[PDB]
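K.L.:
What follows is a structure written as structure tokens; I'll ask about it next.
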Amino acid sequence: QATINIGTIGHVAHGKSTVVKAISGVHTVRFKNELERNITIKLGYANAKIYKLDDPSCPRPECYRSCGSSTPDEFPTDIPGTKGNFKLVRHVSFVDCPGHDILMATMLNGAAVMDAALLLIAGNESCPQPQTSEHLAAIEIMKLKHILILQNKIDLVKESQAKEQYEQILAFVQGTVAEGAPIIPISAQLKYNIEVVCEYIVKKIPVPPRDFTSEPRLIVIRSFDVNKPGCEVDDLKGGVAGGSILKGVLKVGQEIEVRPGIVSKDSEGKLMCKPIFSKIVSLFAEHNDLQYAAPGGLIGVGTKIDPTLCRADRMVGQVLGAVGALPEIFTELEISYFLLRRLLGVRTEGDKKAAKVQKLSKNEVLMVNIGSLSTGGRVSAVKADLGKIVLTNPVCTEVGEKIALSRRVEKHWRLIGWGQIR
Amino acid sequence: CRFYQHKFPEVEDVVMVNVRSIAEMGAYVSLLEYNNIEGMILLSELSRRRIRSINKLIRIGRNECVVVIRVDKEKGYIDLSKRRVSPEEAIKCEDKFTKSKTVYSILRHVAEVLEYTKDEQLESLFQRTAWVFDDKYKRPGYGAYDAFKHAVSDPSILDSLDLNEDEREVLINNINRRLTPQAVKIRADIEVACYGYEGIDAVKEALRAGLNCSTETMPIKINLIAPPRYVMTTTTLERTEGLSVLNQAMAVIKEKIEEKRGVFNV
RNA sequence: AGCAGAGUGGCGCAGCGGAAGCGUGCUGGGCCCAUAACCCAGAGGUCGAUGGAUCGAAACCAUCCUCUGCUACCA
């Protein structure tokens, strides 16, 4: 299954497929294939098995040696050991977030259900690069600090440039946790020092305490392509949710409720929403059958919903509770909030632009990323430490946790501040 | 031999010819819309406009539609004209030309076995069989092909008048080989947008009831093209008997799914 | 994968139940003192496979495969 969710976030032009296939062995893929204008801009999924030969390096199935195929310029070979079967240490899960700035709201959502991260830095561009800081700050807000910085694209980048970049990032982030996070330079054109990464992810990132006894909550981020094959139609025996569970052991045959709900017919107001109920058909993770779905892992829960809800990616950031979950489904919400004194996620080579953003004004639409949900809503009252927001689609608030608040600076929204629900 | 019910053409009738020579004064041509009798076309009555080329108009080895302007009944001079021709007449004549060819090929199997050492053999077969098939249904626009097509799908037509031997197998084979496979363009149009989870089994009960009052063992063609769209090609007759199968079946699927939760497309 | 088209005999488009169909091009001839325009003349040949009726099948009708067009998903 899975034990931890390590995320693979990282700004434009570092190469995703080479690094993702080295760590998991499962390609990051999605709609439009095709391939990728550059690096994956979709929310990729992948799981993997991490075993040892009693060595800090992680074998392949063929554990005698491993000859790469990253480049035919030279032969990159590494040796994990010699063969006689290897001991399974754990089953790991990844969360490949978008690597592009416009997709920030999606990157936030996907990130918010991980248990650790890997900041994929690229040495090609600017030293205190916008997105590195954006990522790091969001991570410390959500409730994580289990980060391993990875210098992923320094294959042709000289050692002065690459040294200056790690220095400037680590010096800018002087107020964000990063001093207890290692910085592992690797090759992505010769897959070198990959074996030492395997030592790091088992060290810096154990399994955090998971609450089995507590009531099941599944947070779905990705829909399912079911169905439409054959034989026997139409619509499906139904619809599969790619979600991570962050609380409770969800057992097979259990009934689960999707709690933001669907709005009642001919509503004259903003109420009333009614949750949808679906019975769990199957609990699939990796490529191995399971009867349980332990928390701390990203699992494909097939449920008895019908094709229309899964025919496109429409279940991004929905909260699912088993069953008749107590969590309130607000339509208008009381945010406590604070703002950054800089505009995060933007800063280029020349002061233009990135400074203090002006105070929020009422009746402006802002993206409130609450939980893994992403709703848009307008601010109806605006006091400094008390704003009232009215949301277009209702938000199930599992706990008052955190929020991330963004404002439409130009073409798309950009992160301005965070806070906590009251 | 003759391809037509009458031996000689009338006056103002649309016919077909095949050019075998090009004359100074027009075109002398053989018929293949009747006997191989001679008919003369004249240069003046071919068009109402100039004529630069001449082999990019009429040339040898071409079927050309034309109107019989005059006929000498006793002499056998079939005067001809291409001046009054419309494309609608060409469609009507090409069909009659093609249909006579296939019908005479059916009435050639008869002559393969019987005494045909003399050319008049086919003429003997043609007059006695063809006329009673087509004359009864010429006034409604049918050829002898209609009579034979009716016989294969209900055999009483060719048993109502003298039935030949060995003919019947080849007759059946050629009717059933060429005029089929044989066909239903019945497709169901069904739209559904469920909030149900019991929809998967609900649809199964609805699918198997596409035709009411049939056995549970009836074979049908289910098709899934998209998630809301359920196409059922219903029991394949001719699409004039499965009309009730198409129309009322659509009501079943849309009704069965509304009972288990929510509103749907009607 | 649902629907559509095709699987050269110079080119390009692919026409129909009679073995190149249309448009074009190339090459040659004719007209003219000459050119254009105009008029004629060409060319080794199941046209992806497996079958049936047939005198015969790119073309009459099927069973298969492949490439593409529109729609669009299993992967």
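All residue names refer to the structure tokens as shown: chains lettered A, B, ... in order, residues numbered from 1 in each chain, ligands numbered from 1 in order.
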Near chain B, which residues of chain C fall within 7 Å when you count only C-alpha atoms (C1' of nucleotides), and what do they look like as a PyMOL selection string?
P.N.:
chain C and resi 2+53+60-61
K.L.:
Quick one: residues within 12 Å of region 63-73 of chain B, only C-alpha atoms (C1' of nucleotides) counted, chain neighbours fewer than 2 positions away excluded, as number ranges by chain?
P.N.:
B: 7-20, 27, 29-33, 37-42, 45-47, 57-61, 75-98; C: 18
K.L.:
From the options A:412, A:274, A:30, A:90, which residue's atoms come nearest to chain C, counting only C-alpha atoms (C1' of nucleotides)?
P.N.:
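Ranked by minimum distance to chain C, first place goes to A:30.
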K.L.:
How far is it from CA of residue 418 (chain A) to CA of residue 401 (chain A), in Å with one decimal?
P.N.:
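Atom-to-atom, CA of residue 418 (chain A) to CA of residue 401 (chain A), that is 10.9 Å.
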K.L.:
Residues of chain C no more than 12 Å from chain A, counting only C-alpha atoms (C1' of nucleotides): send them over as a PDB file with N, CA and C atoms (P, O5', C5', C4', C3', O3' and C1' of nucleotides), in the first residue's frame.
P.N.:
```
ATOM      1  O5'   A C   1     -10.760  -0.020 -30.632  1.00  0.00           O
ATOM      2  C5'   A C   1     -11.843  -0.248 -29.735  1.00  0.00           C
ATOM      3  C4'   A C   1     -12.675   1.009 -29.484  1.00  0.00           C
ATOM      4  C3'   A C   1     -13.419   1.578 -30.692  1.00  0.00           C
ATOM      5  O3'   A C   1     -14.588   0.805 -30.980  1.00  0.00           O
ATOM      6  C1'   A C   1     -12.466   3.332 -29.420  1.00  0.00           C
ATOM      7  P     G C   2     -15.254   0.904 -32.417  1.00  0.00           P
ATOM      8  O5'   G C   2     -16.257   2.120 -32.342  1.00  0.00           O
ATOM      9  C5'   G C   2     -17.546   1.994 -31.730  1.00  0.00           C
ATOM     10  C4'   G C   2     -18.358   3.280 -31.944  1.00  0.00           C
ATOM     11  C3'   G C   2     -18.452   3.723 -33.414  1.00  0.00           C
ATOM     12  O3'   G C   2     -19.506   3.021 -34.091  1.00  0.00           O
ATOM     13  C1'   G C   2     -17.791   5.563 -32.117  1.00  0.00           C
ATOM     14  P     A C  72     -15.095  15.375 -28.544  1.00  0.00           P
ATOM     15  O5'   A C  72     -14.561  13.936 -28.141  1.00  0.00           O
ATOM     16  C5'   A C  72     -15.394  12.974 -27.487  1.00  0.00           C
ATOM     17  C4'   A C  72     -14.670  11.613 -27.350  1.00  0.00           C
ATOM     18  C3'   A C  72     -13.498  11.606 -26.360  1.00  0.00           C
ATOM     19  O3'   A C  72     -13.968  11.363 -25.026  1.00  0.00           O
ATOM     20  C1'   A C  72     -12.718  10.806 -28.410  1.00  0.00           C
ATOM     21  P     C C  73     -12.883  11.415 -23.865  1.00  0.00           P
ATOM     22  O5'   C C  73     -12.412   9.906 -23.723  1.00  0.00           O
ATOM     23  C5'   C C  73     -13.246   8.991 -22.995  1.00  0.00           C
ATOM     24  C4'   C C  73     -12.566   7.619 -22.829  1.00  0.00           C
ATOM     25  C3'   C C  73     -11.263   7.610 -22.000  1.00  0.00           C
ATOM     26  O3'   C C  73     -11.206   6.426 -21.193  1.00  0.00           O
ATOM     27  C1'   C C  73     -10.830   6.644 -24.057  1.00  0.00           C
ATOM     28  P     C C  74     -10.478   6.374 -19.794  1.00  0.00           P
ATOM     29  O5'   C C  74      -9.680   5.015 -19.921  1.00  0.00           O
ATOM     30  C5'   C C  74     -10.345   3.779 -19.623  1.00  0.00           C
ATOM     31  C4'   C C  74      -9.838   2.659 -20.532  1.00  0.00           C
ATOM     32  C3'   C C  74      -8.345   2.331 -20.470  1.00  0.00           C
ATOM     33  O3'   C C  74      -8.055   1.593 -19.283  1.00  0.00           O
ATOM     34  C1'   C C  74      -9.107   2.239 -22.715  1.00  0.00           C
ATOM     35  P     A C  75      -7.111   2.188 -18.157  1.00  0.00           P
ATOM     36  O5'   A C  75      -5.678   2.064 -18.804  1.00  0.00           O
ATOM     37  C5'   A C  75      -5.146   0.787 -19.174  1.00  0.00           C
ATOM     38  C4'   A C  75      -4.093   0.971 -20.270  1.00  0.00           C
ATOM     39  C3'   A C  75      -2.934   1.917 -19.938  1.00  0.00           C
ATOM     40  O3'   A C  75      -1.943   1.247 -19.167  1.00  0.00           O
ATOM     41  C1'   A C  75      -3.787   2.477 -22.049  1.00  0.00           C
TER      42        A C  75
END
```
K.L.:
Which parts of region 55-170 of chain A does DSSP call strand (DSSP E) when run on the backbone here, written out as a ChimeraX atom specification?
P.N.:
/A:66-67,77-78,87-96,116-122,147-153
K.L.:
Check every residue of chain B for an atom within 6 Å of chain A, counting only C-alpha atoms, and provide those that qualify as a list in words.
P.N.:
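On the chain B side, the interface is residues 197, 200, 224, 227 and 230 of chain B.
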K.L.:
I'd like to know which residues of region 61-292 of chain A are alpha helix (DSSP H) (by DSSP, run on the backbone); could you write them as a ChimeraX atom specification?
P.N.:
/A:104-111,130-142,159-172,194-203
K.L.:
Using only C-alpha atoms, find each residue of region 124-190 of chain B with at least one atom at most 10 Å away from an atom of region 232-241 of chain B; report its shortest atom-to-atom pair and that distance in Å (one decimal), sort the rows by chain and rising residue number, and return the result as JSON lines.
P.N.:
```
{"residue": "B:182", "atom": "CA", "partner": "B:238", "partner_atom": "CA", "distance": 7.4}
{"residue": "B:183", "atom": "CA", "partner": "B:238", "partner_atom": "CA", "distance": 6.3}
{"residue": "B:184", "atom": "CA", "partner": "B:236", "partner_atom": "CA", "distance": 5.6}
{"residue": "B:185", "atom": "CA", "partner": "B:239", "partner_atom": "CA", "distance": 7.2}
{"residue": "B:186", "atom": "CA", "partner": "B:233", "partner_atom": "CA", "distance": 5.3}
{"residue": "B:187", "atom": "CA", "partner": "B:233", "partner_atom": "CA", "distance": 4.8}
{"residue": "B:188", "atom": "CA", "partner": "B:232", "partner_atom": "CA", "distance": 5.1}
{"residue": "B:189", "atom": "CA", "partner": "B:232", "partner_atom": "CA", "distance": 8.2}
{"residue": "B:190", "atom": "CA", "partner": "B:232", "partner_atom": "CA", "distance": 9.0}
```
K.L.:
Using only N, CA and C atoms, please write the residues we just selected to a file, as a PDB file, in the first residue's frame.
P.N.:
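Dumped everything to out.pdb:
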```pdb
ATOM      1  N   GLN B 182     -28.545  -6.706 -44.431  1.00  0.00           N
ATOM      2  CA  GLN B 182     -29.928  -6.445 -44.728  1.00  0.00           C
ATOM      3  C   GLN B 182     -30.754  -6.113 -43.514  1.00  0.00           C
ATOM      4  N   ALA B 183     -30.984  -4.808 -43.306  1.00  0.00           N
ATOM      5  CA  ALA B 183     -30.103  -4.025 -42.503  1.00  0.00           C
ATOM      6  C   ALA B 183     -30.991  -3.223 -41.599  1.00  0.00           C
ATOM      7  N   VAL B 184     -30.473  -2.922 -40.420  1.00  0.00           N
ATOM      8  CA  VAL B 184     -31.129  -2.043 -39.520  1.00  0.00           C
ATOM      9  C   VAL B 184     -30.225  -0.927 -39.130  1.00  0.00           C
ATOM     10  N   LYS B 185     -30.771   0.272 -39.343  1.00  0.00           N
ATOM     11  CA  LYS B 185     -30.165   1.516 -38.972  1.00  0.00           C
ATOM     12  C   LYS B 185     -30.816   2.016 -37.695  1.00  0.00           C
ATOM     13  N   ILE B 186     -31.531   1.116 -36.973  1.00  0.00           N
ATOM     14  CA  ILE B 186     -32.072   1.368 -35.650  1.00  0.00           C
ATOM     15  C   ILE B 186     -30.944   1.580 -34.660  1.00  0.00           C
ATOM     16  N   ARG B 187     -30.991   2.727 -33.975  1.00  0.00           N
ATOM     17  CA  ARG B 187     -30.058   3.097 -32.958  1.00  0.00           C
ATOM     18  C   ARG B 187     -30.951   3.748 -31.945  1.00  0.00           C
ATOM     19  N   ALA B 188     -30.796   3.396 -30.657  1.00  0.00           N
ATOM     20  CA  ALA B 188     -31.495   4.077 -29.594  1.00  0.00           C
ATOM     21  C   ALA B 188     -30.806   5.370 -29.195  1.00  0.00           C
ATOM     22  N   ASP B 189     -31.616   6.365 -28.781  1.00  0.00           N
ATOM     23  CA  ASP B 189     -31.148   7.633 -28.276  1.00  0.00           C
ATOM     24  C   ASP B 189     -31.637   7.766 -26.846  1.00  0.00           C
ATOM     25  N   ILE B 190     -30.703   7.746 -25.888  1.00  0.00           N
ATOM     26  CA  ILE B 190     -31.021   7.630 -24.485  1.00  0.00           C
ATOM     27  C   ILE B 190     -30.044   8.537 -23.823  1.00  0.00           C
TER      28      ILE B 190
END
```
K.L.:
Tell me, as a list in words, which residues lie within 9 Å of region 151-163 of chain B, counting only C-alpha atoms (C1' of nucleotides); anything in the same chain fewer than 5 positions away does not count.
P.N.:
residues 129, 132, 133, 146, 168, 171, 172, 175 and 176 of chain B
K.L.:
Tell me, as a PDB file with N, CA and C atoms, in the first residue's frame, which residues lie within 9 Å of residue 192 (chain B), counting only C-alpha atoms (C1' of nucleotides); anything in the same chain fewer than 3 positions away does not count.
P.N.:
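What ended up in part29.pdb:
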```
ATOM      1  N   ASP A 235     -22.740   3.466 -18.690  1.00  0.00           N
ATOM      2  CA  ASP A 235     -22.295   4.137 -17.462  1.00  0.00           C
ATOM      3  C   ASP A 235     -21.414   3.107 -16.772  1.00  0.00           C
TER       4      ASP A 235
ATOM      5  N   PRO B 227     -20.511   7.742 -21.743  1.00  0.00           N
ATOM      6  CA  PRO B 227     -21.152   7.480 -20.459  1.00  0.00           C
ATOM      7  C   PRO B 227     -22.649   7.781 -20.342  1.00  0.00           C
ATOM      8  N   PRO B 228     -23.303   8.816 -20.882  1.00  0.00           N
ATOM      9  CA  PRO B 228     -24.736   9.000 -20.644  1.00  0.00           C
ATOM     10  C   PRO B 228     -25.542   8.327 -21.725  1.00  0.00           C
ATOM     11  N   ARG B 229     -24.909   8.048 -22.876  1.00  0.00           N
ATOM     12  CA  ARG B 229     -25.571   7.578 -24.069  1.00  0.00           C
ATOM     13  C   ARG B 229     -25.605   6.069 -24.126  1.00  0.00           C
ATOM     14  N   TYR B 230     -26.818   5.494 -24.243  1.00  0.00           N
ATOM     15  CA  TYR B 230     -26.976   4.058 -24.274  1.00  0.00           C
ATOM     16  C   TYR B 230     -27.646   3.695 -25.575  1.00  0.00           C
ATOM     17  N   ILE B 253     -35.949   3.059 -20.203  1.00  0.00           N
ATOM     18  CA  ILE B 253     -34.659   3.326 -19.580  1.00  0.00           C
ATOM     19  C   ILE B 253     -34.648   4.622 -18.796  1.00  0.00           C
ATOM     20  N   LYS B 254     -35.247   5.680 -19.370  1.00  0.00           N
ATOM     21  CA  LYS B 254     -35.381   6.966 -18.728  1.00  0.00           C
ATOM     22  C   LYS B 254     -36.317   6.942 -17.528  1.00  0.00           C
ATOM     23  N   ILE B 257     -34.628   4.702 -14.270  1.00  0.00           N
ATOM     24  CA  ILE B 257     -33.533   5.364 -13.601  1.00  0.00           C
ATOM     25  C   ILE B 257     -33.946   6.535 -12.704  1.00  0.00           C
ATOM     26  N   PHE B 264     -33.772  13.252 -14.348  1.00  0.00           N
ATOM     27  CA  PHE B 264     -33.034  12.760 -15.475  1.00  0.00           C
ATOM     28  C   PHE B 264     -33.567  13.377 -16.700  1.00  0.00           C
ATOM     29  N   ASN B 265     -32.829  13.175 -17.790  1.00  0.00           N
ATOM     30  CA  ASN B 265     -33.368  13.497 -19.073  1.00  0.00           C
ATOM     31  C   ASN B 265     -34.536  12.602 -19.482  1.00  0.00           C
ATOM     32  N   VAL B 266     -35.573  13.234 -20.054  1.00  0.00           N
ATOM     33  CA  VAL B 266     -36.720  12.599 -20.671  1.00  0.00           C
ATOM     34  C   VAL B 266     -36.409  12.574 -22.198  1.00  0.00           C
TER      35      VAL B 266
END
```
K.L.:
Write out as JSON, numbers by chain each polymer residue whose atoms come within 10 Å of residue 10 (chain C), counting only C-alpha atoms (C1' of nucleotides); drop sequence neighbours fewer than 4 positions from it.
P.N.:
{"C": [25, 26, 43]}
K.L.:
Limited to N, CA and C atoms (P, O5', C5', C4', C3', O3' and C1' of nucleotides), could you put the picked residues into a file as a PDB file, in the first residue's frame?
P.N.:
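What ended up in selection31.pdb:
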```pdb
ATOM      1  P     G C  25      -2.531  21.811 -66.300  1.00  0.00           P
ATOM      2  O5'   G C  25      -1.253  20.911 -66.043  1.00  0.00           O
ATOM      3  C5'   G C  25      -0.388  21.156 -64.928  1.00  0.00           C
ATOM      4  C4'   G C  25       0.624  20.010 -64.785  1.00  0.00           C
ATOM      5  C3'   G C  25       1.472  19.682 -66.015  1.00  0.00           C
ATOM      6  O3'   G C  25       2.568  20.599 -66.102  1.00  0.00           O
ATOM      7  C1'   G C  25       0.592  17.682 -65.178  1.00  0.00           C
ATOM      8  P     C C  26       3.195  20.979 -67.502  1.00  0.00           P
ATOM      9  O5'   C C  26       4.140  19.768 -67.843  1.00  0.00           O
ATOM     10  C5'   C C  26       5.185  19.314 -66.993  1.00  0.00           C
ATOM     11  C4'   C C  26       5.589  17.888 -67.396  1.00  0.00           C
ATOM     12  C3'   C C  26       5.914  17.639 -68.870  1.00  0.00           C
ATOM     13  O3'   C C  26       7.248  18.056 -69.171  1.00  0.00           O
ATOM     14  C1'   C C  26       4.437  15.978 -68.185  1.00  0.00           C
ATOM     15  P     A C  43       0.999   4.315 -75.109  1.00  0.00           P
ATOM     16  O5'   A C  43       1.258   4.032 -73.570  1.00  0.00           O
ATOM     17  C5'   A C  43       2.614   4.036 -73.104  1.00  0.00           C
ATOM     18  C4'   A C  43       2.673   3.936 -71.574  1.00  0.00           C
ATOM     19  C3'   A C  43       1.678   2.933 -70.938  1.00  0.00           C
ATOM     20  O3'   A C  43       2.272   2.201 -69.864  1.00  0.00           O
ATOM     21  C1'   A C  43       1.339   5.033 -69.972  1.00  0.00           C
TER      22        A C  43
END
```
K.L.:
What is the CA of residue 218 (chain B)-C1' of residue 62 (chain C) distance in Å, reported with one decimal?
P.N.:
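Distance reported for this atom pair: 24.2 Å.
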K.L.:
Choose the residue, out of C:36, C:58, C:3, C:66, that has the smallest atom-to-atom separation from residue 21 (chain C); count only C-alpha atoms (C1' of nucleotides).
P.N.:
C:58
K.L.:
When distances are computed from only C-alpha atoms (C1' of nucleotides), which of C:22, C:64, C:11, C:4 shows the smallest separation from residue 48 (chain C)?
P.N.:
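Going through C:22, C:64, C:11, C:4 one by one, the smallest distance to residue 48 (chain C) is for C:64.
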